Amino acid sequence: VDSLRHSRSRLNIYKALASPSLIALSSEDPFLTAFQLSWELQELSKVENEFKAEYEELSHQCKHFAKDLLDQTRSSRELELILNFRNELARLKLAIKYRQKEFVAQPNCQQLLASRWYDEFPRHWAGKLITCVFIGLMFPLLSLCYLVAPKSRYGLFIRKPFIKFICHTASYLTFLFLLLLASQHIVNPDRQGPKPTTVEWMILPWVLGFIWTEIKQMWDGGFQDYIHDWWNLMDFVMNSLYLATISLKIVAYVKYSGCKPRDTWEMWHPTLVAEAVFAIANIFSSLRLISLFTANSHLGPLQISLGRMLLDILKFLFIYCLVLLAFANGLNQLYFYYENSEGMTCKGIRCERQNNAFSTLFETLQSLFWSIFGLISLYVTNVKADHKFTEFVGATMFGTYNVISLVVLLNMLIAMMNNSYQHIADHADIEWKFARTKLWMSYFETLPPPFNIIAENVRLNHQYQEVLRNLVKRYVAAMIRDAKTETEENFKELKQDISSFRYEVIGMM
Amino acid sequence: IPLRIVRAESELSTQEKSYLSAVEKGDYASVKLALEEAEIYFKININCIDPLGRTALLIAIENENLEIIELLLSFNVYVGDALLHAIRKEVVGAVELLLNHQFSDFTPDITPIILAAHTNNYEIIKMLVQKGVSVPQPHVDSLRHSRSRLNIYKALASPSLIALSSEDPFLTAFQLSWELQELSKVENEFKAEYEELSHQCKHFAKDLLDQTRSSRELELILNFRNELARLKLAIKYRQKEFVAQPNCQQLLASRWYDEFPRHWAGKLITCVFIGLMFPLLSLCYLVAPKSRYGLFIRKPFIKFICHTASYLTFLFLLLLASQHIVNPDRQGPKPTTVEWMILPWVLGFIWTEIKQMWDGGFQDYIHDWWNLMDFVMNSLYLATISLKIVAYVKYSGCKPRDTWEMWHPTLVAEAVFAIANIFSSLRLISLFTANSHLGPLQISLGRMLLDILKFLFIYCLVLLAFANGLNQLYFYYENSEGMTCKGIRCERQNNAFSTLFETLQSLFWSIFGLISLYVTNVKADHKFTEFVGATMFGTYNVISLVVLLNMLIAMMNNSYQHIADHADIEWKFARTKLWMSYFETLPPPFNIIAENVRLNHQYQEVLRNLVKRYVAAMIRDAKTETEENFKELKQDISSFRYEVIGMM
Amino acid sequence: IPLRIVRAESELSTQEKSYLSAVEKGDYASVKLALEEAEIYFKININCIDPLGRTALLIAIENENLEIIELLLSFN
Ligand SMILES: CC(C)CCC[C@@H](C)[C@H]1CC[C@H]2[C@@H]3CC=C4C[C@@H](OC(=O)CCC(=O)O)CC[C@]4(C)[C@H]3CC[C@]12C
Ligand SMILES: CC(C)CCC[C@@H](C)[C@H]1CC[C@H]2[C@@H]3CC=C4C[C@@H](OC(=O)CCC(=O)O)CC[C@]4(C)[C@H]3CC[C@]12C
Ligand SMILES: CCCCCC(=O)OC[C@H](COP(=O)(O)O)OC(=O)CCCCC
Ligand SMILES: CCCCCC(=O)OC[C@H](COP(=O)(O)O)OC(=O)CCCCC
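About the criteria used
- Residues numbered from 1 in each chain as written, not as in the entry; some residues may be left out.
- Chains lettered and ligands numbered in written order.
- Part of a larger assembly, values for the part shown.
- Heavy atoms only, no water.
- Helix = DSSP H or I, 4+ residues; strand = E, 2+ residues; numbered from the N terminus.
- Rg over C-alpha atoms; globule rule 2.2 N^0.38 Å.
- Buried < 20%, exposed > 50% of the residue type's maximum accessible area, 1.4 Å probe, protein only.
- Areas by Shrake-Rupley, 256 points an atom, 1.4 Å probe, with all protein chains shown as cover.
- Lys, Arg positive; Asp, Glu negative; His and termini not counted.
- Charge placed at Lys NZ, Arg CZ, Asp CG, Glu CD.
- Salt bridge = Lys/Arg side-chain N within 4 Å of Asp/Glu carboxyl O.
- Patch = residues over 30% accessible without salt bridge, like charges linked within 9 Å, V, L, I, M, F, W, Y side chains within 5 Å.
- Near = heavy atom within 4 Å.
- Polar contact = N/O pair within 3.5 Å; in protein donor to acceptor, adjacent residues only side chain to side chain.
- Contact = heavy atoms within 4.5 Å.
- Buried area = accessible area lost by both parts, 1.4 Å probe.
- Nonpolar A, V, L, I, M, F, W, Y, C, P; charged D, E, K, R; others polar.
- Core = buried A, V, L, I, M, F, W, Y, C linked by side-chain atoms within 4.5 Å.
- UniProt positions renumbered as here; feature names shortened; annotations may be inferred.
- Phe/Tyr/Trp six-rings, centres within 6.5 Å; stacked < 30°, edge-to-face > 60°.
- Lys NZ or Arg CZ within 6 Å of the ring centre and 35° of its normal.

For this entry, the PDB record names cryo-EM as the structure determination method and reports a resolution of 3.6 Å.

Take the overall build of chain A next. Looking only at helices and strands, chain A has 21 helices and 0 strands in total. For 509 residues, the compact-globule estimate of 2.2 N^0.38 gives 23 Å, and the C-alpha radius of gyration of chain A, at 32 Å, exceeds that figure by more than 25%. Seen along its three principal axes, the alpha-carbon backbone of chain A occupies a region of about 120 × 70 × 55 Å. A buried classification covers 44% of the 509 residues belonging to chain A. Total accessible area on chain A stands at roughly 28600 Å², and carbon and sulfur atoms take up 63% of it. Chain A carries 51 positive and 48 negative side-chain charges, and their two centres are separated by 6 Å.

Under the criterion given, the structure shown has 34 salt bridges over all chains. When the shortest N-O distance is used, the salt bridge between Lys240(B) and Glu570(B) registers 3.9 Å. Here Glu570(B) falls in the buried class, since its relative accessible area comes to 14%. Between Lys454(B) and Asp451(B) there is a salt bridge; the shortest N-O distance is 3.5 Å. Taken together, the residues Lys454(B) and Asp451(B), both in helix α24 (residues 439–474) and 3 residues apart, mark about one turn of the helix. Given a relative accessible area of 14%, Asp451(B) falls into the buried group. One connected set of salt bridges, linked through shared partners, spans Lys101(A), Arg308(A) and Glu431(A).

Let's shift gears to a negative patch on the surface. A surface patch of like charges, here negative, comprises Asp621(B), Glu625(B), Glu628(B), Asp636(B), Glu62(C) and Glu64(C). Of the residues examined, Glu628(B) reaches a relative accessible area of 38% and is grouped as partly exposed.

What follows is about the site of ligand 1. The immediate surroundings of ligand 1 are formed by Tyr118(A), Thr169(A), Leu173(A), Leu292(A), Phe293(A), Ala295(A), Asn296(A), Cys460(B), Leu461(B) and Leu464(B). Surrounding ligand 1 is a set of residues that belongs to chains A and B. Between ligand 1 and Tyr118(A) there is a distance of 2.3 Å, counted from an oxygen atom to a side-chain nitrogen or oxygen. For ligand 1, whose free accessible area comes to 740 Å², the fraction covered by protein is 59%. Elements supplying a minimum of two residues to the shell around ligand 1: α12 (161–180) of chain A together with α24 of chain B. Among the elements that take part in the shell around ligand 1, α24(B) stands out by supplying 3 residues, more than any other.

Before going further, it helps to spend a moment on the arrangement of the chains. Ranking the 2 pairs of chains in contact by number of contacts places chains A and B first. In this view chain A stays clear of chain C, with the nearest C-alpha atoms of the two still 12 Å from each other.

Taken together, the contact pairs 98 residues of chain A with 96 residues of chain B. Summed over both partners, the interface of chain A with chain B buries about 8900 Å², with 61% contributed by carbon and sulfur atoms. Summed over the three residues of chain A that lose the most area to chain B, namely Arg74(A), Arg350(A) and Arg481(A), the buried surface amounts to 9% of that side. On the surface where chain A and chain B come into contact, there are 5 salt bridges. Across the contact surface, chain A and chain B share 23 residue pairs in polar contact. Looking at the side of chain A that touches chain B, the element that brings in the most residues is helix α21 (residues 488–506) of chain A, giving 14 residues. Among the residues forming the side of chain A that touches chain B, the class breakdown is 52 nonpolar, 23 polar and 23 charged.

Time to look at the nonpolar core. Counting 100 residues, the largest nonpolar core has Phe175(A), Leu368(A) and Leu507(B) as the members making the most contacts within it. Counting residues in each nonpolar core, the second largest holds 88 residues, with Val91(B), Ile152(B), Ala155(B) and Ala173(B) among its members.

Here the focus is unusual backbone geometry. In the Ramachandran plot, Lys195(A) falls in the positive-phi region, its phi being about 50° despite a non-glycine side chain. One can find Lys195(A) in the loop between α12 and α13 (198–219). Judged by relative accessible area, which is 47%, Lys195(A) ranks as partly exposed. Positive phi is not limited to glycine here, since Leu517(B) has a value of about 70°. Structurally, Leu517(B) is set in the loop between α25 (500–509) and α26 (527–561). The class of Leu517(B) is buried, set by a relative accessible area of 0%.

We now examine the UniProt feature "binding site: Ca(2+)" (unreviewed entry) in chain B. Residue and element names in this part refer to chain B. Within this numbering scheme, the UniProt entry marks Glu353, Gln356, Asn371 and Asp374 as carrying the feature "binding site: Ca(2+)" (unreviewed entry). Taken along the chain, the residues just named run across 22 residues; in space they keep tight, none of their C-alpha pairs more than 11.0 Å apart. Position of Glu353 among the secondary structure elements: in helix α21 (residues 337–358). In contact with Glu353, not counting residues within four places along its chain, are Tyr365, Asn371, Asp374, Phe375 and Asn378. Along the chain, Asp374 turns up in helix α22 (residues 369–392). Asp374 gets classed as buried once you look at its relative accessible area, which sits at 9%. Look past the residues within four positions of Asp374 in its chain and what remains in contact with it is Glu353, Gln356 and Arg427.

Residues and elements named next belong to chain B. Residues in close proximity to ligand 2 include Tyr257, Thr308, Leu312, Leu431, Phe432, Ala434 and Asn435, which together make up its full environment. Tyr257 has a polar side-chain atom sitting 2.3 Å from an oxygen atom of ligand 2. Protein burial of ligand 2: of its 740 Å² of free accessible surface, 48% is covered by the chains. Of the residues contributing to the shell around ligand 2, the split by class is 5 nonpolar, 2 polar and no charged.

Okay, the interface of chain C and chain B next. On the chain B side, the residues contacting the 25 residues of chain C number 34 residues. Regarding the contact of chain C and chain B, the summed buried area is about 2300 Å², with carbon and sulfur atoms giving 43% of it. Three residues, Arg4(C), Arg7(C) and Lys25(C), lead the burial of chain C against chain B; their summed loss comes to 31% of the area buried on that side. Between the two partners, chain C and chain B, sit 2 salt bridges.

In this structure the tally under the stated criterion is 70 aromatic pairs over all chains. Geometrically, the ring pair formed by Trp509(B) and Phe512(B) is edge-to-face, given 5.9 Å between the ring centres and 70° between the ring planes. Members of the aromatic cluster, each reached through a chain of ring pairs, are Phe139(A), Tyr172(A), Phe175(A), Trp206(A), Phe210(A), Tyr242(A), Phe278(A) and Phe451(A). Over the aromatic face of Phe103(B) sits the side chain of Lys473(A), whose NZ or CZ is 4.4 Å from the ring centroid. Across from the ring centre of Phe583(B), 5.9 Å away, lies the NZ or CZ of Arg255(B), which sits over that ring.

This brings us to helix α17 (residues 361–370) of chain A. Three or more residues of α17(A) are buried, namely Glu363(A), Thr364(A), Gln366(A), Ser367(A), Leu368(A) and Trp370(A). Lining the buried residues of α17(A) we find α16 (300–335) and α18 (388–422) of chain A together with α26 of chain B.

Okay, structure coming up:
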């Protein structure tokens, strides 16, 4: 009825319900109420379209409160009772689920996670490097002795999370190494009908391991907050291109045994499309080695900045694309009557001599894409005529595009990326430690082999209620003796010095 | 609609609220009248806490009222950890009484001197050490161990504790800043905390030195255990705020010049006038190392000019070492006049590097980047000498150079000589910590290289990814029939993406606009594979040119925004250690052919004066600021109190 | 575990602390009554400094109280 009073009414009761004092005095588990309430305020930041600063600030204060309760633990036993609460680390898994990144970048949580993660890694760079590569040279030994005996002989190494991280990393980069090896002239000549190499038969029990791994993590995620991860999309396009490569090599393996020379083949021959899809596949498979950068202390926040400024490069690639289509609409309309292709053994704009560039809309788009790299060499604007007015207008509206692209939109791109990175370094290490946390959580269960894939609660609820009572009492103390203080600290001493002297005067009579 | 209940928490009776209201509002009459229920049981414990978690003693400490505290201690109220509550409020009148007599508000691993040092109050620590309170030494619960070590390091790193104890505060500040810098990296996660503590130790070591009011005192500080031994130890411990102190820089500059004094014309002409006469000065130093003329070379600025002039005339007759005025093309060099002039500079660098590597014991030697640059420079020079020796024997054919082999020793010698003198000409960049204008800019150079060296870990795997794509797409297209010229360095761009090496080379050169887009064609009609090759080459050009380069400039931008708070400090530290490199004894640039009890006494006296001055500048400043007007308010209230009560 | 000792520094007696407490808290009665020990030697110099490095005149300047300053200058 009154869309004003409804909105401010909901805003008032959410801001009242999101105070730390009300969550302290009520709401039996303050962690769940802080978590769910930060989630609901994050939802209403987007659903209610306009008070997003207000709802965003309330959700941020809920996150800070959930952190500051955890910050008051003074025993590691207490911290274990907080995080291992409903296998293990169930509250920490729920905290990862609710995007509580200030909660999980708390330092003592990171000590408990690092003590889980290492299990005797300890030094300096030489010893750490040589021990990591010494483990990495022995990953199939460790994996096959885990398979022949999953017991306390040696498989405790693969049960340790750092060592299985090294083993998965070594297996993935040796997959990349024998993809690097998968094109050398040492190893087939050019015939229709592949009959795949030794190297492809070595490739296949890695790709099938990725198929099984993706099917497992997609099945046990129920496609929700699965596809919402970008790396699952990258795995999906990678494995789809791999399955298309396998299927197209199966199609080309039958029906084709002519051994006719490759220069005499057709366009859209299945072998050529298979090799192209294989290249588009292994660019992605070699590229998502970038996602191991949430493990190094030095490379972490920089690739976080990468992944966040892509979200503004993806806005300039909505402005720039319609600038592109505008100048394409201009240029092909100006030059499509100039279709010079008599002779011309070589056509297009990938040619050694720049032929008719702006003839079709496709070559026009292609030309204007390549002109921002200094690769369209300015004699494309001539035509074999004496039409110097149309040639001059073509050069003029090509120079206009070069200006708008090169000295305006590129510099706006660097200005937007500049301040958009100035916005983030207040919450840089928090997001990095959250990312390396969930990467560490991805190695605690149970999937050991990288490519070789062939009452009991009443005590705990009691201890959890006791630890919550102590944490709430400590937090109420750290709120009263700090925020009430600061300046009111000297003002209360003034009030004392006035009132005590008042009772000294009146009581004297 | 949530009908909720308050969480379980202990609640106060109303008969103790009438007591606590008089405690907070501050009576002495009615509080003592409530405290007349010691023998007569008024069914209450007087120390039972309120819903705020306070005993009444904690209020009386919280309201600074000494007489209620005296009353409650006179009637034996339970303190628990009231001492720590008094120390945390830094009320002196409470602590001076409490020293003279389940729940905690503190971690139980806190002794009463630790939080006293955390609060950084002088007289509280001063009366605690009169009681003789010892702090532990920092050699199951990985939480309590870490916070325990952090508390005792933060307590040990307070300026007041280093003032009142620890006989030489300079050494304790230095070693403690070193240990906190180590634990910044070893303890992986409290690096802001340990880093801030080490920074405050550095500021304290500076502010002790800042209080010297006599140059004699400053000399007694720096020349203490040849000379400048404490300054050398300060350079050793990376105390860059300590050495960018101004008066230390005046003493260093008075050492450095020794009558340089003007304006740019006179300074320029006198510097180049000295620089035109460096072999005269060096050989008259060698024939007579006495007070004739060699006092010039003993002066540090003049020997800096002489080493600079010798190094740039080495570079000048390397510039001269390729002109057509001076050999034709034969196997067997028999080196030039110019190479025979080069050799007694290179051997001087060999002797200089061996000396400074021998007397550094390879530790904090190789940790300097310029020693690595000297090492690769002299290694390439020795390889050049050895390869010219190898080519000088066994080769006298005088066959034309176009008919030579690849990997011939003369050609590899000349290539290694070029890779050598690019470095030898390049480390003239390291004389830029002597000019006032060029200094901080090359400091910014040397620090933003540490993020360019992170983009050259991202960019290299982007490179290897697109190389894996492109050579896999094009290795069946090996067109080399005919082709007198091959590769991608050719005049016509031949088969670019054939091997992985030429692929990497192509994708490196494509970011400079030098790969001219007809490399993606092959002599076929395979327009799909040609289009996918152009598409995944354009993807690389986009990711390289408009994404990673702009991320590189954004990271370098804010990474330089982080540094200009400590720019001149690091520059003066760098030019300091460059000046320290010219005070001993290595004069020739290329022409290389009890007594402590008095000093310890004076040093203890100067330290006593400096500590006393610093305690004064801490008390009269940091205690002041606003508490400065508040203390005047306290005076105006208490003086009028004694005017009223004393009137009766 | 470091068993350390305070650095050498001059220490105040307890008989001048009762004087200085009245100086900081700001009496005129008891400060003058302590300053009645000019002719009668109470074995103390009234200008002897505390561990804070202050004579009582410096406190009376520090607490803006003109009459204690006038008293101490009147008693030299
Ligand atoms: C040939 C070069 C130019 C490109 C090939 C890339 C690889 C050499 C790089 C890419 C990613 C790098 C990885 C990035 C991150 C880490 C994490 C690192 O783990 C840590 O540093 C954790 C230390 C800690 O516990 O704090 C181990 C090395 C590793 C796997 C690196 C190993 C080397 C890798 C595979
Ligand atoms: C031909 C040009 C374009 C390139 C050749 C480079 C040289 C001309 C430059 C490179 C480094 C320069 C040196 C950089 C730093 C200094 C420090 C400068 O000393 C001071 O200014 C100190 C003044 C002070 O005491 O504050 C004396 C000139 C000098 C040696 C410069 C002399 C001229 C040098 C050798
Ligand atoms: C956002 C503003 C866009 C400006 C577009 C533009 O300047 O076009 C340049 C035009 C295009 O160059 P040509 O067509 O080759 O002459 O240059 C000139 O005509 C004369 C030189 C004049 C050079 C300025
Ligand atoms: C980070 C995003 C990477 C985008 C990669 C990319 O845009 O490739 C451009 C491709 C590559 O250019 P060509 O292969 O020469 O056509 O251009 C086109 O196919 C049509 C013009 C379309 C121009 C946009």
